[PDB]
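>>> Sequence plus experimental coordinates follow:
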Amino acid sequence: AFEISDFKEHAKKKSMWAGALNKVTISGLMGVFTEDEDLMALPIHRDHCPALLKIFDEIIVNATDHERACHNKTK
Amino acid sequence: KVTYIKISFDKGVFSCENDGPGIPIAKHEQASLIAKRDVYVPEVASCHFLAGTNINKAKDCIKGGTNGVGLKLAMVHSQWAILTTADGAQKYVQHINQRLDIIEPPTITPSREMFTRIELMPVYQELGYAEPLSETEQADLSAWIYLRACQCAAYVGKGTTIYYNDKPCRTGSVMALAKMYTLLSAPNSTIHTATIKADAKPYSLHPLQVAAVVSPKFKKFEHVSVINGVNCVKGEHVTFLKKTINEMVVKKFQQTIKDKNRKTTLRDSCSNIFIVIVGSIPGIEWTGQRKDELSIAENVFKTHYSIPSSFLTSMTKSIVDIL
Amino acid sequence: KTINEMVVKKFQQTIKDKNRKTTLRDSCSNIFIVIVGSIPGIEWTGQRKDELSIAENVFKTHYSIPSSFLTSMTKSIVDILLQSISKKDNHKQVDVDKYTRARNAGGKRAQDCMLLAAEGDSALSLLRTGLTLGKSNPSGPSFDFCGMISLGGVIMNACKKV
DNA sequence: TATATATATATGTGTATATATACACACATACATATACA
DNA sequence: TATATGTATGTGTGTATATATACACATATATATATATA
C-alpha cells in the first residue's frame, strides 16, 4: 500500500530527522560530571536515544545562532 | 520474483530496471484529492515527498527504504527522467522533467510485460561537473556505479542477476568482493570466511556473510559493508567483529609471547584487517537519509549472534603472526 | 595530515635507523584535540549535522597552522615514538639458550653454587654425563650446587670495543 | 672549507655452532559436532 | 549440560636431499659523521 505522510507523522516515525527514535549505542557518548569542584568529561556506556538528545541540541544551537547573529549589533 | 536488476550509465544518462511485479498502475485516491486531478501511484512514488510503502515499516523489515524520499531526490536532481512500469496488463510511462517542476500526464497502454525502469539525466553542471562529463569524471562515475553493482550482486538473492552496462556483475559472494578490494595490496591471499548466525527470530532469518583478508601491508583497519542493500560506512556490526577478534587476539598474544607483559589494544589487533560484511539486519535505524551510519544497540549482537570459532581462530593466528 | 607530515620528517631525522616508515595512525593515536570556531560556507550530510562537508583545499589554500604549535606537537609525538621504538618492539625478552640452572641459584645458599661455563655443547654433554654420577661418586658434585652454560666458541674481547 | 671523531670492509688460518625437506605408523594431544536432553 | 564422534595437528625412528652461523688475527681503504670557524 502506498501512503502519503505529513511532516508531523513522518518525524514521529522516521529516524532521518534527528536519529534513532529509541535507545541505541551511541559511540563516543560523553557527559560532564562534577567531582568536588572539578568538571570531568566521562563516557556514558549506556544506550540513549539520539533523537532525544537532538531536541536539546536543536534549541541550544538556535540560541548560539542568535548569539552570533547579534554579536556585532546594538542589542 | 525479481530475476534481474539491469543498471546502465552511458553518455551521462543513468538507467535502472527490475522485473518483479511493477508499481501498481492505479489511481491514488488521497493523492488525487490533494492534487484536485487524476494522480496514479507511480506519480506518488516518484513525485510526492514522504510517500511510499515503508511509511509504516515493520520491526522485522530488512528493506533499506524507509522514508518515502529517495526516488523524489533522484527526480529533483534530474534535468529529465522517465518512469516506465508495467504490471502484466498495462504499461505506464510518465515523464518528470526540470527538477520535478514539469510532471507530464502519464500514458497508459495495454502490455503483458512486468517491470520497473527509471531513466534519467542528472543536472551535472548544477552539481559541479562539466557538461557533458569530462573523460575523468565519466570514468570515475562509471567505476563507482560499477562498484555499487558488484556490491548488489553480493547482497542480492541467488535467482537475481545484476547487470551493469549489460554485462553481468561477477561478484556473487563476499569472497569475490574481498578479492576485488585486495587485488593490489595483497594478491593471492588467504580469505577467512564466516557465516554469522543468530538463534532467535527475526535475526536467525538473516545470516551475515563475512570475508576478511589479513596482511602486514595493510596500514589501517578497513571494512566494506552492505547492510540491507546499503553501502554504509559506520555501524556496531563492525565493532562487534572488531571487539570479538581483539579479545581473542589479546588472549593468544599473551599466550604465545613469553614476554607476558606487553599490552596491545584494538588498533594493534585490527590494523592489518580488511573485512567485508554483507547481509540483512532487522530493526536497524539510520542517522539520516543518506544512511551512512546504522544505529543499533551493541547488545543485539552480544545476545543473539555468534561468530564461528574457526574463523576467529584463523584470524587470530594470522594477526598474532604479524604482531 | 599537517601534524603527520612534520612528525614523519622529524622522526626520520631523529631516528638514526633511517628506514622505518610510520603513517597517520602512528603519528596521531596519542593525540586529543579540541577545535572550536566558525567556518563559513560549510554543508552537512543530514539534519543531525554529524558531519560537515567541504573541499579539503579550503584549508590548504587559506588556513595556516602556527609553526610553534606544530613543532611542540611533533616533539611530544616523536618522544613517544622513540619510547615505543626503545620499548614495544625492543621490549623484555627471556632466558638464553644452552643454560642449565642449579637447584640453589639465587636463594639462601646462593653463594655456595658454581657455574661450570663450557666452550660448546659436546663439553656440556660431558659435564651432564659427569655431574650425574648418582651413587657411584658420593664425593663429587651434582646439580644441587652446579650449573652449565656455553661460551659460544670464542669470546668477544671488550678491551678494544669500549 | 675546514680538523676531528666513531664505526665499518676484506684477506688466510684458526676457534665454535645452526637448519629445511622425504618416508611409515602407533600414539598423544585439541576440539567440536552433534544428540539425547536439560 | 554432559556425552561421544568425527574432524584436525604433532613429534619420532633411519636413510636420504639441499643449505645456514658466531669468533680471532693485521693493515689499508672507505663512506659518511662531526666541531667550530663564521
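It's in. Numbers count the residues shown, from 1 in each chain, chains lettered A, B, ... in the order given.
>>> Helices of chain C, start to end?
C:2-14, C:24-28, C:57-62, C:67-86, C:122-130 (DSSP state H).
>>> got the angle for the fourth one vs helix C:2-14?
When you say that, I think you mean helix C:67-86. Relative orientation of helix C:67-86 versus helix C:2-14 (axes from the mean of the first three to the mean of the last three Cα atoms, to 10 degrees): 50 degrees.
>>> Show residues contacting helix C:67-86.
Helix C:67-86 is touched from outside by C:2-3, C:6-7, C:10-11, C:14-15, C:17, C:20, C:22, C:26-28, C:30-31, with contacts defined as Cβ atoms under 8 Å, 6 or more residues apart in numbering or on different chains. Placement of C-beta: from N, CA and C, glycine included.
>>> ok, now with 7 Å
Residues outside helix C:67-86 that contact it (Cβ atoms under 7 Å, 6 or more residues apart in numbering or on different chains) are C:2, C:3, C:6, C:7, C:10, C:11, C:14, C:22, C:26, C:27, C:30.
>>> Nearest to residue B:315 among the helices of chain C would be which one?
Ranking the helices of chain C by proximity to residue B:315 (Cβ to Cβ) places helix C:24-28 first, at 19.8 Å.
>>> So for chain A, the centremost residue is which one?
When chain A is reduced to its mean C-alpha position, the closest residue under Cα atoms, centre = their mean turns out to be residue A:54, at 1.9 Å.
>>> any idea which element that one lies in?
Element membership for residue A:54, per DSSP states H and E: helix A:50-70.
>>> Which positions within that helix qualify as buried?
If you call a residue buried by 16 or more other Cβ atoms under 10 Å in any protein chain shown, then helix A:50-70 has these buried ones: A:50, A:51, A:54.
>>> how about the last one, what does it touch?
This points to residue A:54. Neighbours of residue A:54 in contact, by Cβ under 7 Å, 6+ apart: A:18, A:19, C:48.
>>> could you list every residue that touches the first one?
Contacts of residue A:18 were listed using Cβ under 7 Å, 6+ apart, and they are A:50, A:51, A:54, A:55, C:47, C:48.
>>> Stretch B:29-40 and chain A, any residue contact?
Yes - residues of stretch B:29-40 contacting chain A under Cβ under 7 Å from any Cβ of the partner chain: B:30, B:31.
>>> Off-centre distance for that stretch?
The gap between where stretch B:29-40 is centred and where its chain is centred comes out at 33 Å by Cα atoms, centre = their mean, to the nearest Å.
>>> Can you get me the start-to-end distance on that stretch?
From the first residue to the last, stretch B:29-40 extends over 8 Å; the measure is Cα to Cα, to the nearest Å.
>>> Now tell me what touches that stretch from outside.
Applying Cβ under 7 Å, 6+ apart, the external contacts of stretch B:29-40 come out as A:4, B:25, B:26, B:27, B:28, B:44, B:48, B:92, B:106.
>>> which of the contacts of residue A:54 lies closest to DNA strand D?
residue A:19 (38.3 Å; Cβ to the nearest atom of the strand).
>>> Can you tell me the closest non-neighbouring residue to the closest one?
Setting aside the residues directly before and after it, residue A:19 is nearest to residue A:50 in space (Cβ to Cβ, 6 or more residues apart in numbering or on different chains), at 2.8 Å.
>>> Could you do residue B:48 as well?
Counting by Cβ to Cβ, 6+ apart, the nearest residue to residue B:48 once its immediate chain neighbours are dropped is residue A:4, at 5.8 Å.
>>> Quick one: residues contacting the one you found.
Contacts for residue A:4 (Cβ under 7 Å, 6+ apart) come out as B:30, B:31, B:44, B:48, B:51.
>>> Please give the element, helix or strand, for the second one.
Going back to what we said before, that points to residue B:31. Take DSSP H and E as the rule and residue B:31 turns out to sit in helix B:29-35.
>>> Now do residue B:77: how many residues are near it, please.
Applying the criterion other Cβ atoms under 10 Å in any protein chain shown, we find 17 residues in the vicinity of residue B:77.
>>> what's the spacing between it and chain A?
In this structure, residue B:77 lies at 17 Å from chain A, with Cβ to the nearest Cβ, to the nearest Å as the measure.
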